[PDB]
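Take a look at the structure below.
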Amino acid sequence: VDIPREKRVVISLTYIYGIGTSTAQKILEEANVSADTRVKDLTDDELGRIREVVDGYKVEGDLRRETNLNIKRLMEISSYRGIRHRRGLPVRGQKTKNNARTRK
Amino acid sequence: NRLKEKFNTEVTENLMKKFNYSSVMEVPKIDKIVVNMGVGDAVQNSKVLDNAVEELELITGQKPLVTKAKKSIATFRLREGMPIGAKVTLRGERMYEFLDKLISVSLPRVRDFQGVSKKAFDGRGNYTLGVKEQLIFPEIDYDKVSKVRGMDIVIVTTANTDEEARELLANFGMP
Amino acid sequence: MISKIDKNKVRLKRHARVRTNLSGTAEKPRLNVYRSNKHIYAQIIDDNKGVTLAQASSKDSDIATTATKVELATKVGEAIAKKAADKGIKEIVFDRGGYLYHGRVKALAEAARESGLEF
Amino acid sequence: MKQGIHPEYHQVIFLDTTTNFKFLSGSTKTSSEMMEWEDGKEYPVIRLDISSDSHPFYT
RNA sequence: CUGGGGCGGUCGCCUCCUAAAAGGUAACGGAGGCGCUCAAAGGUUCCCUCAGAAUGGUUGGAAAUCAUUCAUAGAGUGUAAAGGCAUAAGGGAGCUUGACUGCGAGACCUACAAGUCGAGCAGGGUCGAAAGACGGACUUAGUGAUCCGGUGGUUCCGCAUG
RNA sequence: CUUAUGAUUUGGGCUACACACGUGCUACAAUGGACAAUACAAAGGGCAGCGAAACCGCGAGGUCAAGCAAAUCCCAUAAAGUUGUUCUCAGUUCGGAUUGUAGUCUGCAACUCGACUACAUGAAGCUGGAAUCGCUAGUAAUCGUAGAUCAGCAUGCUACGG
């Protein structure tokens, strides 16, 4: 979709939302790509065969639409898993004393 | 202007047989829909007003009128000017294109049981439905809009009392 | 509910405001305008005596067609001048009623300027 | 009617699989694939909705 | 100046009240303002009508905003108050510079100096289809003589002449 | 103190937080990171407990028998290393905190309130100021393995070697 060039494709598809080290296996399954594909890859006939396998995935941005509403559903029921989002609470039953900083 | 005939059906099939009007002219008729968004005090929202004037064009395809203040009320930061509103009066076929769209997509996306009211009138024939912006952009999904908001849709008819405006709102409306 | 105004009463207020520095004195009379929805009416009034001098109308039998409703107004402006060429063909004061100087009120006045009247 | 200030709108055929209540409009300037002749001969880009499939009130 | 004088206060204009139904009318009587502001807040042609009240409506402060119905002006009118005003003098919009030059019959005011208002007449414009309207702001305060000095004009003078 | 300050139950809490000091873990990398191969230990445990080799699962793991109450059977292939291919010096293939998807396993039962792995997401963090602590040889430093508690559960503790 908006991937960068001049790097290897096993790390290049990671740059979008929704892919981490599945391009090593799952995108490598459907497409006949290799590991050493730089910017000089000629991935335009290979752009189509990755477009068929990425169309099944929720990855490119649209997963964050469903991820946002899952929190919005969770706070609307007002669950203890959901109040901890709206209140800076670590949510997954953690100790909210001194070393609980990344939620503030 | 396809489903305008829904009104032209109900003027003579239900309304002549309900109140027994003596002429076809004095059936209650809807004249305007104003979709006045509200205030949204713009000490910062003057940039969100540029979003709020962009969202309301997507709901109804007419540019809003950015209505400014009138008084100099304290405990509120505003003067003459300071544009703190937006509205679109929907007169013609864009009304029915908006009405025969919204009354099918207002109750479902709000996730309410009954949904609007049994009564919201003012004793004259005006409804003033209240919206917390759970319905709009049904075509492009939640991708590029920024801030949650709340609309207000007013239905102004030529009804005379409450019970004749209940009759027009009983045509694919849910009271 | 909502109350629909009539277009005559607002027109009358506007006309009243217009017609306070606008008068005919029989050396420079006044033609006014009354268009309704179908017919245009023109009438030379001398405002001093309260006595008219001429009268023309789109529903009169001399000029009654279904042309445009604008070309009907051109026929009436042709009519009011050729009856004011019988007497008092001098300058007059155009009175627009409460209407704009546009369309049918303009074509009533364009026709009267190119048919002898000197306003 | 004024040119310049209006956005786009068209006869958006609301292509819903339950009876296709196509009396809607908006800004769905997307791919026109199948236009029903009884409905708005335009883009069918309203692809799925809960509009008139199961009302909560008239259930 | 002064209900002795001093001390305090005051000193010029504007608006009321006192003021006795014309005008005018005092007190160290009662109230307040002014020593500006505006290139649109001027001109002109067009449209437009408010406050408030209920009522009921995603913001909901009671009260922003929206709609309906009542609303005589209770709003607004650069600025004090008094007269005004919906002819709108109030509120928008478009063009513009008359926030012109030479004058002015007549009138008001008044001890004098001053102060005010003017139809109209040319000249040359602006706006408006046109009639027309324009010699600054709704009106009434926003200043200070003469002498001297500066500056720019000027068919005037300029000492025997230039 | 003695119809309770003793009892009996499931349900909370001991796990709460704008914070403040102790003690540790993992790091902020190219004397590293990711993937393939290939070595070398010691100590200790195993009373229905340890459970192999096979399979079936991406994996955490499930199904039975193989052995055995143990110098032999099992936990158990230690890891760092070494060898090769890689990225190229960026908050990049550095790490992995935090949130939704697996529902794996233990246990009447994992919401308060567990333990991992699975695809996602990827935050602070570029070696740290004043100060302050440990340590004199198999010691500082690092690397992994055991056990006691224990149905399940340690970044702690206690022992172990490289």
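In the structure tokens, each chain is lettered A, B, ... as it comes, each chain's residues begin at 1, and ligands are numbered from 1 in order of appearance.
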task = Based on DSSP run over this structure's backbone, return all residues of chain D in strand (DSSP E or B), as a PyMOL selection string.
result = chain D and resi 12+14+24+46
query = Where in chain B does DSSP assign helix (DSSP H, G or I), given as number ranges by chain?
reply = B: 5-13, 15-18, 48-59, 93-105, 107-110, 162-168
task = Excluding residue E:16 and any residue of its chain fewer than 3 positions from it, enumerate the residues within 9 Å of it, using only C-alpha atoms (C1' of nucleotides), and give them as JSON, numbers by chain.
result = {"E": [31, 32, 81, 82]}
Which chain A residues have any atom within 10 Å of an atom of chain B, and for each, what is the nearest pair of atoms with distance in Å to one decimal, counting only C-alpha atoms, rows sorted by chain and number, as a Markdown table?
```
| residue | atom | partner | partner_atom | distance |
| --- | --- | --- | --- | --- |
| A:61 | CA | B:143 | CA | 8.8 |
| A:62 | CA | B:143 | CA | 8.2 |
| A:64 | CA | B:143 | CA | 9.5 |
| A:65 | CA | B:142 | CA | 6.9 |
| A:66 | CA | B:142 | CA | 9.7 |
| A:68 | CA | B:142 | CA | 9.9 |
| A:69 | CA | B:142 | CA | 9.9 |
```
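When atom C1' of residue F:79 is paired with atom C1' of residue F:161, their separation reads 11.5 Å.
Set the cut-off at 9 Å, count only C-alpha atoms, and the residues of chain C near chain B turn out to be residues 1, 2 and 3 of chain C.
Residues within 10 Å of residue E:45, counting only C-alpha atoms (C1' of nucleotides) and excluding same-chain residues fewer than 4 positions away, are residues 94, 95, 127, 128 and 133 of chain E.
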inquiry  = With only C-alpha atoms (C1' of nucleotides) as the counted atoms, please give the residues lying no more than 10 Å from residue B:96, apart from itself and same-chain residues fewer than 2 positions off, as an MDAnalysis selection string.
reply    = (chainID B and resid 1:4 6:7 30 33 90:94 98:102) or (chainID D and resid 23:24)
The selected residues should be written to file as a CSV table (one decimal), in the first residue's frame (atoms: N, CA, C and O atoms).
```
chain,number,residue,atom,x,y,z
B,1,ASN,N,-35.9,12.6,-6.2
B,1,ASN,CA,-37.3,12.9,-5.9
B,1,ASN,C,-38.2,11.7,-6.2
B,1,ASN,O,-39.4,11.9,-6.6
B,2,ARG,N,-37.7,10.5,-5.9
B,2,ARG,CA,-38.5,9.3,-6.2
B,2,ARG,C,-39.6,9.0,-5.2
B,2,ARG,O,-40.8,8.9,-5.6
B,3,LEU,N,-39.2,8.9,-3.9
B,3,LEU,CA,-40.1,8.6,-2.9
B,3,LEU,C,-40.9,9.8,-2.3
B,3,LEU,O,-41.3,9.7,-1.1
B,4,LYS,N,-41.0,10.8,-3.1
B,4,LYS,CA,-41.9,12.0,-2.7
B,4,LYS,C,-43.4,11.5,-2.8
B,4,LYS,O,-44.2,12.1,-2.1
B,6,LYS,N,-44.6,9.0,-1.5
B,6,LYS,CA,-45.1,8.5,-0.2
B,6,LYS,C,-46.0,9.5,0.5
B,6,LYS,O,-47.0,9.2,1.2
B,7,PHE,N,-45.6,10.8,0.4
B,7,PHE,CA,-46.5,11.9,0.9
B,7,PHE,C,-47.7,12.0,0.1
B,7,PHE,O,-48.8,12.2,0.7
B,30,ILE,N,-45.1,19.3,5.3
B,30,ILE,CA,-43.8,19.7,5.8
B,30,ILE,C,-43.1,20.7,4.9
B,30,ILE,O,-43.1,20.6,3.7
B,33,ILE,N,-36.6,21.5,6.8
B,33,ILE,CA,-35.8,20.8,7.7
B,33,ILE,C,-34.6,21.6,7.9
B,33,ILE,O,-33.8,21.8,7.0
B,90,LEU,N,-33.3,22.8,4.7
B,90,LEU,CA,-33.6,21.9,3.6
B,90,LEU,C,-35.0,22.0,3.2
B,90,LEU,O,-35.9,21.6,3.8
B,91,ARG,N,-35.2,22.7,2.0
B,91,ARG,CA,-36.5,23.1,1.6
B,91,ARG,C,-37.1,22.1,0.6
B,91,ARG,O,-38.2,21.5,0.9
B,92,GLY,N,-36.5,21.9,-0.5
B,92,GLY,CA,-37.1,21.2,-1.6
B,92,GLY,C,-37.0,19.7,-1.6
B,92,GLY,O,-37.4,19.1,-0.6
B,93,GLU,N,-36.6,19.1,-2.7
B,93,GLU,CA,-36.5,17.6,-2.8
B,93,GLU,C,-35.4,17.1,-2.0
B,93,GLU,O,-35.3,15.9,-1.7
B,94,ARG,N,-34.4,17.9,-1.6
B,94,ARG,CA,-33.3,17.5,-0.7
B,94,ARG,C,-33.8,17.1,0.6
B,94,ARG,O,-33.1,16.4,1.4
B,98,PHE,N,-33.3,13.5,2.1
B,98,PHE,CA,-32.7,13.4,3.5
B,98,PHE,C,-33.7,12.7,4.4
B,98,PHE,O,-33.2,11.9,5.3
B,99,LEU,N,-35.0,12.9,4.3
B,99,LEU,CA,-36.0,12.4,5.2
B,99,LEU,C,-36.1,10.9,4.9
B,99,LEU,O,-36.0,10.0,5.8
B,100,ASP,N,-36.4,10.5,3.7
B,100,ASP,CA,-36.5,9.1,3.3
B,100,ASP,C,-35.2,8.3,3.3
B,100,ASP,O,-35.2,7.1,3.0
B,101,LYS,N,-34.1,9.0,3.6
B,101,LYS,CA,-32.8,8.3,4.0
B,101,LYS,C,-32.7,8.2,5.5
B,101,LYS,O,-32.4,7.1,6.0
B,102,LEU,N,-33.0,9.2,6.3
B,102,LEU,CA,-32.6,9.3,7.7
B,102,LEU,C,-33.5,8.4,8.6
B,102,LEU,O,-33.0,7.7,9.5
D,23,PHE,N,-33.5,5.1,-1.5
D,23,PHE,CA,-34.0,6.5,-1.6
D,23,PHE,C,-33.0,7.3,-0.8
D,23,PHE,O,-33.5,8.1,0.1
D,24,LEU,N,-31.7,7.2,-1.0
D,24,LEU,CA,-30.7,7.8,-0.2
D,24,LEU,C,-29.7,8.6,-1.1
D,24,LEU,O,-29.7,8.4,-2.3
```
Skip stretch 110-125 of chain E itself and residues of its chain fewer than 4 positions away, then list as a PDB file with N, CA and C atoms (P, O5', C5', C4', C3', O3' and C1' of nucleotides), in the first residue's frame all residues within 9 Å of it, counting only C-alpha atoms (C1' of nucleotides).
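To be explicit, this is the file written out as result23.pdb:
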```
ATOM      1  P     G E  98     -15.596  63.908  -3.936  1.00  0.00           P
ATOM      2  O5'   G E  98     -16.705  64.693  -3.118  1.00  0.00           O
ATOM      3  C5'   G E  98     -16.604  64.834  -1.709  1.00  0.00           C
ATOM      4  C4'   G E  98     -17.958  64.905  -1.049  1.00  0.00           C
ATOM      5  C3'   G E  98     -18.754  63.608  -1.049  1.00  0.00           C
ATOM      6  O3'   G E  98     -19.505  63.521   0.156  1.00  0.00           O
ATOM      7  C1'   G E  98     -19.976  65.286  -2.180  1.00  0.00           C
ATOM      8  P     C E 100     -14.348  67.273   1.394  1.00  0.00           P
ATOM      9  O5'   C E 100     -15.645  67.472   0.496  1.00  0.00           O
ATOM     10  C5'   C E 100     -15.891  68.711  -0.149  1.00  0.00           C
ATOM     11  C4'   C E 100     -15.352  68.722  -1.554  1.00  0.00           C
ATOM     12  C3'   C E 100     -15.152  70.094  -2.163  1.00  0.00           C
ATOM     13  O3'   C E 100     -13.953  70.705  -1.739  1.00  0.00           O
ATOM     14  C1'   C E 100     -16.246  68.696  -3.718  1.00  0.00           C
ATOM     15  P     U E 101     -14.010  72.140  -1.031  1.00  0.00           P
ATOM     16  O5'   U E 101     -13.928  73.159  -2.246  1.00  0.00           O
ATOM     17  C5'   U E 101     -12.778  73.203  -3.068  1.00  0.00           C
ATOM     18  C4'   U E 101     -13.001  74.085  -4.262  1.00  0.00           C
ATOM     19  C3'   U E 101     -13.721  75.388  -3.988  1.00  0.00           C
ATOM     20  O3'   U E 101     -12.875  76.392  -3.473  1.00  0.00           O
ATOM     21  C1'   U E 101     -14.665  74.350  -5.885  1.00  0.00           C
ATOM     22  P     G E 102     -13.466  77.484  -2.459  1.00  0.00           P
ATOM     23  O5'   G E 102     -14.361  78.421  -3.381  1.00  0.00           O
ATOM     24  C5'   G E 102     -13.753  79.234  -4.370  1.00  0.00           C
ATOM     25  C4'   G E 102     -14.766  79.827  -5.312  1.00  0.00           C
ATOM     26  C3'   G E 102     -15.824  80.708  -4.690  1.00  0.00           C
ATOM     27  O3'   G E 102     -15.341  81.990  -4.357  1.00  0.00           O
ATOM     28  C1'   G E 102     -16.823  79.281  -6.270  1.00  0.00           C
ATOM     29  P     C E 103     -15.566  82.538  -2.873  1.00  0.00           P
ATOM     30  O5'   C E 103     -16.793  81.674  -2.353  1.00  0.00           O
ATOM     31  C5'   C E 103     -17.965  82.298  -1.862  1.00  0.00           C
ATOM     32  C4'   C E 103     -19.013  82.426  -2.932  1.00  0.00           C
ATOM     33  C3'   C E 103     -20.322  83.035  -2.484  1.00  0.00           C
ATOM     34  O3'   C E 103     -20.266  84.442  -2.403  1.00  0.00           O
ATOM     35  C1'   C E 103     -20.750  81.118  -3.794  1.00  0.00           C
ATOM     36  P     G E 104     -20.908  85.185  -1.139  1.00  0.00           P
ATOM     37  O5'   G E 104     -22.369  85.555  -1.631  1.00  0.00           O
ATOM     38  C5'   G E 104     -23.476  85.432  -0.757  1.00  0.00           C
ATOM     39  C4'   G E 104     -24.541  84.559  -1.354  1.00  0.00           C
ATOM     40  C3'   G E 104     -25.692  84.215  -0.432  1.00  0.00           C
ATOM     41  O3'   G E 104     -26.673  85.226  -0.408  1.00  0.00           O
ATOM     42  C1'   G E 104     -24.908  82.252  -1.466  1.00  0.00           C
ATOM     43  P     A E 105     -26.871  86.125   0.900  1.00  0.00           P
ATOM     44  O5'   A E 105     -28.242  86.869   0.611  1.00  0.00           O
ATOM     45  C5'   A E 105     -28.537  87.327  -0.696  1.00  0.00           C
ATOM     46  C4'   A E 105     -29.946  86.983  -1.082  1.00  0.00           C
ATOM     47  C3'   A E 105     -30.961  87.089   0.034  1.00  0.00           C
ATOM     48  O3'   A E 105     -31.380  88.414   0.279  1.00  0.00           O
ATOM     49  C1'   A E 105     -31.268  85.056  -1.092  1.00  0.00           C
ATOM     50  P     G E 106     -31.120  89.070   1.718  1.00  0.00           P
ATOM     51  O5'   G E 106     -31.900  88.111   2.717  1.00  0.00           O
ATOM     52  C5'   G E 106     -33.312  88.022   2.666  1.00  0.00           C
ATOM     53  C4'   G E 106     -33.805  86.704   3.200  1.00  0.00           C
ATOM     54  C3'   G E 106     -33.690  86.514   4.694  1.00  0.00           C
ATOM     55  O3'   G E 106     -34.686  87.200   5.418  1.00  0.00           O
ATOM     56  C1'   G E 106     -32.932  84.576   3.621  1.00  0.00           C
ATOM     57  P     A E 145      -6.828  80.231  18.294  1.00  0.00           P
ATOM     58  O5'   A E 145      -7.098  81.760  17.971  1.00  0.00           O
ATOM     59  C5'   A E 145      -8.397  82.177  17.605  1.00  0.00           C
ATOM     60  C4'   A E 145      -8.614  83.639  17.879  1.00  0.00           C
ATOM     61  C3'   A E 145      -7.569  84.585  17.334  1.00  0.00           C
ATOM     62  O3'   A E 145      -7.719  84.816  15.949  1.00  0.00           O
ATOM     63  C1'   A E 145      -8.178  85.231  19.521  1.00  0.00           C
TER      64        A E 145
END
```
task = With a distance cut-off of 8 Å and only C-alpha atoms (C1' of nucleotides), select the neighbouring residues of stretch 74-77 of chain F, excluding the residue or stretch itself and same-chain residues fewer than 4 positions from it, and output the selection as a PyMOL selection string.
result = chain F and resi 46+50-52
Residues from last step as file, N, CA, C and O atoms (P, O5', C5', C4', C3', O3' and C1' of nucleotides), as a PDB file, in the first residue's frame:
```
ATOM      1  P     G F  46      12.526 -36.592  45.427  1.00  0.00           P
ATOM      2  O5'   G F  46      11.688 -37.282  44.264  1.00  0.00           O
ATOM      3  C5'   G F  46      10.530 -36.656  43.738  1.00  0.00           C
ATOM      4  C4'   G F  46      10.119 -37.272  42.426  1.00  0.00           C
ATOM      5  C3'   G F  46       9.971 -38.779  42.420  1.00  0.00           C
ATOM      6  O3'   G F  46       8.741 -39.205  42.971  1.00  0.00           O
ATOM      7  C1'   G F  46      11.158 -38.086  40.495  1.00  0.00           C
ATOM      8  P     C F  50       4.860 -35.007  37.797  1.00  0.00           P
ATOM      9  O5'   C F  50       6.247 -35.546  37.233  1.00  0.00           O
ATOM     10  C5'   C F  50       7.479 -35.059  37.743  1.00  0.00           C
ATOM     11  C4'   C F  50       8.650 -35.807  37.162  1.00  0.00           C
ATOM     12  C3'   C F  50       8.720 -35.848  35.647  1.00  0.00           C
ATOM     13  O3'   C F  50       9.242 -34.659  35.082  1.00  0.00           O
ATOM     14  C1'   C F  50       9.122 -38.011  36.512  1.00  0.00           C
ATOM     15  P     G F  51       8.600 -34.067  33.736  1.00  0.00           P
ATOM     16  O5'   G F  51       8.782 -35.242  32.678  1.00  0.00           O
ATOM     17  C5'   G F  51       7.656 -35.842  32.052  1.00  0.00           C
ATOM     18  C4'   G F  51       7.924 -37.288  31.720  1.00  0.00           C
ATOM     19  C3'   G F  51       7.449 -37.763  30.357  1.00  0.00           C
ATOM     20  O3'   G F  51       8.343 -37.411  29.319  1.00  0.00           O
ATOM     21  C1'   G F  51       6.832 -39.338  32.007  1.00  0.00           C
ATOM     22  P     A F  52       7.805 -37.141  27.830  1.00  0.00           P
ATOM     23  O5'   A F  52       8.970 -37.715  26.912  1.00  0.00           O
ATOM     24  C5'   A F  52      10.327 -37.490  27.257  1.00  0.00           C
ATOM     25  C4'   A F  52      11.177 -38.708  27.003  1.00  0.00           C
ATOM     26  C3'   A F  52      11.263 -39.169  25.561  1.00  0.00           C
ATOM     27  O3'   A F  52      12.195 -38.421  24.805  1.00  0.00           O
ATOM     28  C1'   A F  52      10.864 -41.029  26.964  1.00  0.00           C
TER      29        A F  52
END
```
inquiry  = Counting only C-alpha atoms (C1' of nucleotides), a student should be able to say which residues of chain E come within 9 Å of chain C; what is the right answer, written as a ChimeraX atom specification?
reply    = /E:46,68-69,87,129-131
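Going from atom CA of residue D:53 over to atom CA of residue B:105, you cover 10.6 Å.
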query = Please, which residues of chain E lie no more than 9 Å from chain B when the count uses only C-alpha atoms (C1' of nucleotides), and can they be set out as a PyMOL selection string?
reply = chain E and resi 55-59+61+63-69
Kindly export the residues of the current selection with N, CA and C atoms (P, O5', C5', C4', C3', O3' and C1' of nucleotides), as a PDB file, in the first residue's frame.
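Final file, selection_17.pdb:
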```
ATOM      1  P     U E  55     -42.480  27.077  28.782  1.00  0.00           P
ATOM      2  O5'   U E  55     -42.869  25.909  27.779  1.00  0.00           O
ATOM      3  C5'   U E  55     -44.075  25.968  27.039  1.00  0.00           C
ATOM      4  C4'   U E  55     -43.819  25.727  25.579  1.00  0.00           C
ATOM      5  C3'   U E  55     -42.730  24.722  25.264  1.00  0.00           C
ATOM      6  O3'   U E  55     -43.159  23.385  25.411  1.00  0.00           O
ATOM      7  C1'   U E  55     -42.495  26.616  23.870  1.00  0.00           C
ATOM      8  P     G E  56     -42.208  22.327  26.151  1.00  0.00           P
ATOM      9  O5'   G E  56     -42.102  21.130  25.111  1.00  0.00           O
ATOM     10  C5'   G E  56     -42.206  21.372  23.710  1.00  0.00           C
ATOM     11  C4'   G E  56     -40.981  20.905  22.967  1.00  0.00           C
ATOM     12  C3'   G E  56     -39.947  20.164  23.811  1.00  0.00           C
ATOM     13  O3'   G E  56     -39.295  19.222  22.967  1.00  0.00           O
ATOM     14  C1'   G E  56     -38.946  22.054  22.863  1.00  0.00           C
ATOM     15  P     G E  57     -38.429  18.012  23.568  1.00  0.00           P
ATOM     16  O5'   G E  57     -37.005  18.234  22.896  1.00  0.00           O
ATOM     17  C5'   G E  57     -36.884  18.178  21.485  1.00  0.00           C
ATOM     18  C4'   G E  57     -35.600  18.789  20.990  1.00  0.00           C
ATOM     19  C3'   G E  57     -34.355  18.549  21.820  1.00  0.00           C
ATOM     20  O3'   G E  57     -33.842  17.242  21.632  1.00  0.00           O
ATOM     21  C1'   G E  57     -34.416  20.795  21.056  1.00  0.00           C
ATOM     22  P     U E  58     -32.436  16.784  22.264  1.00  0.00           P
ATOM     23  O5'   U E  58     -31.390  17.059  21.095  1.00  0.00           O
ATOM     24  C5'   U E  58     -30.125  17.640  21.368  1.00  0.00           C
ATOM     25  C4'   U E  58     -29.007  16.651  21.170  1.00  0.00           C
ATOM     26  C3'   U E  58     -27.749  16.915  21.978  1.00  0.00           C
ATOM     27  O3'   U E  58     -27.858  16.503  23.324  1.00  0.00           O
ATOM     28  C1'   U E  58     -27.156  16.423  19.747  1.00  0.00           C
ATOM     29  P     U E  59     -27.902  17.616  24.473  1.00  0.00           P
ATOM     30  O5'   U E  59     -26.858  18.703  23.972  1.00  0.00           O
ATOM     31  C5'   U E  59     -25.674  18.934  24.710  1.00  0.00           C
ATOM     32  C4'   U E  59     -24.580  19.534  23.870  1.00  0.00           C
ATOM     33  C3'   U E  59     -23.553  20.340  24.640  1.00  0.00           C
ATOM     34  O3'   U E  59     -22.624  19.554  25.358  1.00  0.00           O
ATOM     35  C1'   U E  59     -24.192  21.535  22.715  1.00  0.00           C
ATOM     36  P     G E  61     -24.274  24.879  27.483  1.00  0.00           P
ATOM     37  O5'   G E  61     -24.574  26.367  27.969  1.00  0.00           O
ATOM     38  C5'   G E  61     -25.603  26.642  28.912  1.00  0.00           C
ATOM     39  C4'   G E  61     -25.281  26.061  30.263  1.00  0.00           C
ATOM     40  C3'   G E  61     -26.419  25.970  31.259  1.00  0.00           C
ATOM     41  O3'   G E  61     -27.283  24.880  31.001  1.00  0.00           O
ATOM     42  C1'   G E  61     -24.497  26.801  32.337  1.00  0.00           C
ATOM     43  P     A E  63     -33.053  28.804  30.483  1.00  0.00           P
ATOM     44  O5'   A E  63     -31.581  28.926  29.891  1.00  0.00           O
ATOM     45  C5'   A E  63     -31.342  29.570  28.653  1.00  0.00           C
ATOM     46  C4'   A E  63     -30.822  30.968  28.859  1.00  0.00           C
ATOM     47  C3'   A E  63     -29.779  31.430  27.860  1.00  0.00           C
ATOM     48  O3'   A E  63     -30.331  31.854  26.629  1.00  0.00           O
ATOM     49  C1'   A E  63     -29.033  31.933  30.028  1.00  0.00           C
ATOM     50  P     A E  64     -29.943  31.083  25.275  1.00  0.00           P
ATOM     51  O5'   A E  64     -28.610  31.800  24.790  1.00  0.00           O
ATOM     52  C5'   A E  64     -27.338  31.269  25.132  1.00  0.00           C
ATOM     53  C4'   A E  64     -26.271  31.758  24.196  1.00  0.00           C
ATOM     54  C3'   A E  64     -26.448  31.323  22.747  1.00  0.00           C
ATOM     55  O3'   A E  64     -26.010  32.354  21.868  1.00  0.00           O
ATOM     56  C1'   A E  64     -24.397  30.492  23.584  1.00  0.00           C
ATOM     57  P     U E  65     -27.070  33.070  20.899  1.00  0.00           P
ATOM     58  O5'   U E  65     -27.354  31.987  19.769  1.00  0.00           O
ATOM     59  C5'   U E  65     -26.414  31.769  18.732  1.00  0.00           C
ATOM     60  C4'   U E  65     -26.416  30.332  18.282  1.00  0.00           C
ATOM     61  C3'   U E  65     -27.678  29.854  17.596  1.00  0.00           C
ATOM     62  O3'   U E  65     -27.732  30.230  16.236  1.00  0.00           O
ATOM     63  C1'   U E  65     -26.975  28.252  19.190  1.00  0.00           C
ATOM     64  P     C E  66     -29.115  30.739  15.608  1.00  0.00           P
ATOM     65  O5'   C E  66     -30.009  29.427  15.551  1.00  0.00           O
ATOM     66  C5'   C E  66     -29.631  28.333  14.731  1.00  0.00           C
ATOM     67  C4'   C E  66     -30.677  27.256  14.746  1.00  0.00           C
ATOM     68  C3'   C E  66     -32.103  27.734  14.590  1.00  0.00           C
ATOM     69  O3'   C E  66     -32.444  28.025  13.253  1.00  0.00           O
ATOM     70  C1'   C E  66     -31.991  26.141  16.330  1.00  0.00           C
ATOM     71  P     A E  67     -33.489  29.199  12.944  1.00  0.00           P
ATOM     72  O5'   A E  67     -34.900  28.544  13.263  1.00  0.00           O
ATOM     73  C5'   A E  67     -35.350  27.415  12.535  1.00  0.00           C
ATOM     74  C4'   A E  67     -36.548  26.788  13.192  1.00  0.00           C
ATOM     75  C3'   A E  67     -37.694  27.723  13.510  1.00  0.00           C
ATOM     76  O3'   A E  67     -38.494  28.011  12.382  1.00  0.00           O
ATOM     77  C1'   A E  67     -37.277  26.342  15.367  1.00  0.00           C
ATOM     78  P     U E  68     -39.228  29.429  12.271  1.00  0.00           P
ATOM     79  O5'   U E  68     -40.553  29.234  13.122  1.00  0.00           O
ATOM     80  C5'   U E  68     -41.436  28.165  12.839  1.00  0.00           C
ATOM     81  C4'   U E  68     -42.413  27.967  13.961  1.00  0.00           C
ATOM     82  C3'   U E  68     -43.197  29.200  14.355  1.00  0.00           C
ATOM     83  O3'   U E  68     -44.281  29.454  13.488  1.00  0.00           O
ATOM     84  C1'   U E  68     -42.398  28.121  16.295  1.00  0.00           C
ATOM     85  P     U E  69     -44.629  30.962  13.077  1.00  0.00           P
ATOM     86  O5'   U E  69     -45.427  31.516  14.333  1.00  0.00           O
ATOM     87  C5'   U E  69     -46.577  30.841  14.808  1.00  0.00           C
ATOM     88  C4'   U E  69     -46.926  31.278  16.203  1.00  0.00           C
ATOM     89  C3'   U E  69     -47.021  32.775  16.408  1.00  0.00           C
ATOM     90  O3'   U E  69     -48.258  33.298  15.970  1.00  0.00           O
ATOM     91  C1'   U E  69     -45.793  31.800  18.181  1.00  0.00           C
TER      92        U E  69
END
```
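Nearest residue to chain B among D:35, D:48, D:5, D:13 is D:5, counting only C-alpha atoms.
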remark   = Computed gap from atom CA of residue C:111 to atom CA of residue C:63 is 14.0 Å
Proximity check chain F to chain A, 12 Å, nearest pairs one decimal Å, only C-alpha atoms (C1' of nucleotides), as a Markdown table:
```
| residue | atom | partner | partner_atom | distance |
| --- | --- | --- | --- | --- |
| F:15 | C1' | A:95 | CA | 6.0 |
| F:16 | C1' | A:96 | CA | 7.6 |
| F:17 | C1' | A:97 | CA | 6.2 |
| F:18 | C1' | A:104 | CA | 9.7 |
| F:19 | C1' | A:98 | CA | 8.0 |
| F:20 | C1' | A:98 | CA | 9.0 |
| F:21 | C1' | A:98 | CA | 10.5 |
| F:34 | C1' | A:11 | CA | 11.0 |
| F:35 | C1' | A:24 | CA | 11.4 |
| F:58 | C1' | A:25 | CA | 10.8 |
| F:86 | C1' | A:36 | CA | 9.9 |
| F:87 | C1' | A:8 | CA | 8.7 |
| F:88 | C1' | A:7 | CA | 11.1 |
| F:92 | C1' | A:11 | CA | 9.9 |
| F:93 | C1' | A:11 | CA | 6.7 |
| F:97 | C1' | A:102 | CA | 7.1 |
| F:98 | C1' | A:102 | CA | 7.1 |
| F:99 | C1' | A:91 | CA | 8.4 |
| F:100 | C1' | A:67 | CA | 6.3 |
| F:101 | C1' | A:67 | CA | 9.9 |
| F:110 | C1' | A:93 | CA | 11.4 |
| F:111 | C1' | A:80 | CA | 7.8 |
| F:112 | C1' | A:80 | CA | 8.0 |
| F:113 | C1' | A:93 | CA | 6.9 |
| F:114 | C1' | A:93 | CA | 9.9 |
| F:118 | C1' | A:22 | CA | 11.9 |
| F:119 | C1' | A:22 | CA | 8.1 |
| F:120 | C1' | A:18 | CA | 5.9 |
| F:121 | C1' | A:18 | CA | 7.5 |
| F:122 | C1' | A:20 | CA | 9.7 |
| F:123 | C1' | A:102 | CA | 7.1 |
| F:124 | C1' | A:102 | CA | 7.5 |
```
